[PDB]
J.: 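Structure incoming, see below.
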Amino acid sequence: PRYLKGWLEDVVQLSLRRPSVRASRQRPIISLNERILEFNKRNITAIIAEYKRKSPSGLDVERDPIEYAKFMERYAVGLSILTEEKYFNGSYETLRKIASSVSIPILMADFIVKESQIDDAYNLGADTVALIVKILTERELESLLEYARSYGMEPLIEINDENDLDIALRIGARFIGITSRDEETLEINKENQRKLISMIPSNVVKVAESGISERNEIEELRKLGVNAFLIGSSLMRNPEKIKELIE
């Protein structure tokens, strides 16, 4: 991994020791990025709803994950399942049960630093994974991207600054998450998010992440080229909000 400190250094060290799983996957990969493009062509707002019990940027929510996933299956373009344990209270077992229960694309979101976490995602039923440029070196990014693609997955490459974006383009990313939240400091800066979005080629599928709460923001960002929107805590607290954001 890259040189880090504080909680990111910790979570990376923890992730290096994440025990791998032995599970058999049940269904072919279904592409999240391709379904987003299809929603775009159908003029349907594409929201990726996140399931997460806890995070550094919110209070814990304890709700039925299957109920949540089945509700969101009617409206969301895909689901993101947090599986990091210490800071997000995630679990691989929640990923597996949700993936066994719904038929929309599933992104496994964690701090992926080793190949066996990609094996884990595949074996638990996820259709893709996130890779985070802030924590991975160029070499790790290219290797883990190639490995995920060898399973048929197209990872979401997560960026937060111009240097991160340059690397995502350097490694040939086709699917980029532009987060307004700096994972190290938790600062939300949407001016910077919009700047990075404006510098991404048209043929990359772009997901705006963090700080999305109003239909009007979705409309503005769509006009700026954003293809989909990742929304977590607001929907953990009030799942029905997704209905307003799509209409």
Side-chain angles (χ1 to χ4, degrees), residues 1-21 48 50-61 80-95 107-124 126 128-148 153 155-173 175-193 195-196 207-211 230 232-233 236:
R2 295 179 65 176
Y3 288 94
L4 298 164
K5 59 195 161 204
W7 84 279
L8 289 174
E9 178 177 51
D10 187 56
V11 76
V12 162
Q13 291 310 304
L14 178 59
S15 294
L16 284 168
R17 298 170 316 240
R18 187 68 173 273
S20 61
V21 309
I48 303 164
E50 190 161 72
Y51 179 85
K52 55 164 182 209
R53 256 169 109 171
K54 160 185 156 120
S55 79
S57 301
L59 297 180
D60 187 272
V61 174
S80 173
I81 312 301
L82 257 292
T83 54
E84 197 288 316
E85 298 190 275
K86 175 172 174 183
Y87 295 96
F88 298 80
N89 217 340
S91 97
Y92 277 163
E93 289 287 284
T94 302
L95 172 56
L107 183 147
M108 184 178 104
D110 207 316
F111 292 79
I112 291 188
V113 296
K114 60 179 175 173
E115 291 188 342
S116 67
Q117 294 167 279
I118 293 170
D119 296 338
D120 293 336
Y122 181 80
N123 292 330
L124 295 164
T128 190
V129 301
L131 301 169
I132 300 159
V133 183
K134 184 166 272 283
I135 71 175
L136 296 178
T137 65
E138 171 178 356
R139 181 179 185 178
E140 287 172 330
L141 279 162
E142 285 152 4
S143 186
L144 291 165
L145 181 50
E146 191 172 323
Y147 192 75
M153 299 186 184
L156 180 64
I157 306 305
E158 307 277 56
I159 67 163
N160 173 244
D161 64 30
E162 271 181 51
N163 205 77
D164 278 349
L165 172 57
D166 176 68
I167 299 299
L169 301 181
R170 192 182 300 173
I171 73 183
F175 190 23
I176 289 179
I178 309 88
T179 182
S180 66
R181 180 177 286 117
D182 185 318
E183 272 325 291
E184 189 193 321
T185 69
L186 308 178
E187 178 165 340
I188 304 288
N189 193 294
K190 294 184 184 171
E191 178 182 334
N192 176 67
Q193 177 184 53
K195 183 198 55 173
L196 299 169
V207 182
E209 301 174 333
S210 313
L230 186 299
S233 292
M236 290 291 305

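The analysis underlying the following values was restricted to heavy atoms, covering all of them including side chains, and did not include hydrogens, waters or symmetry mates. Residues: numbered from 1 along the sequence shown.
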J.: State which residues pass salt bridge (charged side-chain N to carboxylate O under 4.0 Å, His left out) with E115; sequence neighbours excluded, sorted by chain then number.
T.: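 Residues passing salt bridge (charged side-chain N to carboxylate O under 4.0 Å, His left out) with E115: none at all.
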
J.: Search all heavy atoms of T83 against all heavy atoms of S91 and return the closest pair with its distance.
T.: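 What the structure gives for the nearest pair is CG2-O, 3.7 Å.
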
J.: Can you name the salt bridge (charged side-chain N to carboxylate O under 4.0 Å, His left out) partners of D119, sequence neighbours left out?
T.: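 For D119, no residue satisfies salt bridge (charged side-chain N to carboxylate O under 4.0 Å, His left out) once neighbours in sequence are set aside.
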
J.: Which distance, rounded to the nearest 0.5 Å, do you find between the CG of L145 and the CD1 of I171?
T.: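 The CD1 atom of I171 is 5.0 Å from CG of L145, to the nearest 0.5 Å.
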
J.: Counting N and O atoms only, with roles assigned by atom type, does the side chain of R2 sit under 3.5 Å from a partner on the main chain of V133, one being a donor and the other an acceptor?
T.: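 Judged by distance alone, yes, a pair lies under 3.5 Å.
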
J.: NZ of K134 to CD1 of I159: how many Å apart, nearest 0.5 Å?
T.: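 The distance works out to 11.5 Å.
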
J.: What pairs meet the salt bridge (charged side-chain N to carboxylate O under 4.0 Å, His left out) rule with one or both residues in residues 135-146, with sequence neighbours excluded?
T.: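 Only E138-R170 qualify under salt bridge (charged side-chain N to carboxylate O under 4.0 Å, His left out).
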
J.: With side chains defined as the heavy atoms from C-beta onward, is the minimum distance between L136 and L131 less than 4.5 Å?
T.: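 Yes, at least one pair of side-chain atoms sits under 4.5 Å.
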
J.: Which value, rounded to the nearest 0.5 Å, describes the distance between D161 atom CG and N189 atom CG?
T.: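 Going from the CG atom of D161 to the CG atom of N189 covers 11.0 Å.
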
J.: If you take all heavy atoms of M153 and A126, which pair is closest and at what distance?
T.: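 Looking at all heavy atoms of both residues, the closest pair is CE-O, 4.0 Å.
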
J.: As a quick check of understanding, evaluate side chain to side chain contact (heavy atoms under 4.5 Å, CB included) for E84 and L14, giving each step before the final call.
T.: CA-CA 9 Å; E84 197 288 316; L14 178 59; 3.6 Å; yes

J.: With sequence neighbours excluded, what pairs up with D10 under the side chain to side chain donor-acceptor pair (under 3.5 Å) test?
T.: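 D10 satisfies side chain to side chain donor-acceptor pair (under 3.5 Å) with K86, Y87 once adjacent residues are dropped.
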
J.: Would you say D110 and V129 make side-chain contact, with heavy atoms under 4.5 Å?
T.: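 No, every pair of side-chain atoms sits at 4.5 Å or beyond.
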
J.: Between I167 and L141, which heavy-atom pair has the shortest distance, and what is it?
T.: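 Looking at all heavy atoms of both residues, the closest pair is CG2-CD1, 3.6 Å.
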
J.: Please identify each residue that fulfils side chain to side chain donor-acceptor pair (under 3.5 Å) with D120, with sequence neighbours left out.
T.: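 Side chain to side chain donor-acceptor pair (under 3.5 Å) check on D120 returns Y92.
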
J.: Return the set of residues passing side chain to side chain contact (heavy atoms under 4.5 Å, CB included) with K190 (not counting sequence neighbours), or none when no residue passes.
T.: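 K190 satisfies side chain to side chain contact (heavy atoms under 4.5 Å, CB included) with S180, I188, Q193, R194, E217 only.
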
J.: Has the side chain of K54 got a donor or acceptor atom that lies under 3.5 Å from a matching backbone atom of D60?
T.: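 No; judged by distance alone, with no hydrogens or angles, the pair does not exist.
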
J.: Which pair of heavy atoms, one from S15 and one from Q117, lies closest together, and at what distance?
T.: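 Heavy atoms only, the tightest pair is CB-NE2, 3.9 Å.
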
J.: With sequence neighbours excluded, tell me which residues meet salt bridge (charged side-chain N to carboxylate O under 4.0 Å, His left out) with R53.
T.: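 Listed in chain order: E62.
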
J.: So, using side chain to side chain donor-acceptor pair (under 3.5 Å) as the criterion, who are the partners of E93 when residues are at least two apart?
T.: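 With neighbours one apart ignored, the set is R96.
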
J.: Would you compute the distance between atom CG of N160 and atom CD1 of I178 and round it to the nearest 0.5 angstrom?
T.: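 Answer for the CG-CD1 pair, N160 versus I178, is 11.0 Å.
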
J.: May I have the step-by-step check of side chain to side chain contact (heavy atoms under 4.5 Å, CB included) for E183 and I132, ending in yes or no?
T.: CA-CA 10 Å; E183 272 325 291; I132 300 159; 5.7 Å; no

J.: Tell me every residue that passes side chain to side chain contact (heavy atoms under 4.5 Å, CB included) with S55, counting only those two or more places apart in sequence or in another chain.
T.: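 Here the qualifying residues are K52, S57, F88.
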
J.: State the CD-CD1 distance between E184 and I135, to the nearest 0.5 angstrom.
T.: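 Going from CD on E184 over to CD1 on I135, the span is 12.5 Å.
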
J.: Should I176 and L165 count as side-chain neighbours, where that means a heavy-atom distance under 4.5 Å?
T.: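 Result yes, sub-4.5 Å side-chain heavy-atom pair found.
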
J.: With side chain to side chain contact (heavy atoms under 4.5 Å, CB included) as the test, would you mind laying out the steps for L156 and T128 before giving the verdict?
T.: CA-CA 7 Å; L156 180 64; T128 190; 5.6 Å; no

J.: So, taking the atom named OG in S20 and the one named CD1 in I118, what distance separates them when rounded to the nearest 0.5 Å?
T.: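 Between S20 OG and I118 CD1, I get 13.0 Å after rounding to 0.5 Å.
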
J.: Using a 4.5 Å cut-off on heavy atoms from C-beta on, say whether the side chain of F111 contacts that of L8.
T.: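 Of all side-chain heavy-atom pairs linking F111 with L8, at least one is under 4.5 Å.
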
J.: Checking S210 now: which residues fulfil side chain to side chain donor-acceptor pair (under 3.5 Å) with it, not counting sequence neighbours?
T.: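 In terms of side chain to side chain donor-acceptor pair (under 3.5 Å), with neighbours along the sequence ignored, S210 is linked to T179, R181.
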
J.: Looking at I48 and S80, what are the two nearest heavy atoms and their distance?
T.: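 Closest pair (atom of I48, atom of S80, distance): CG2-N, 3.8 Å.
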
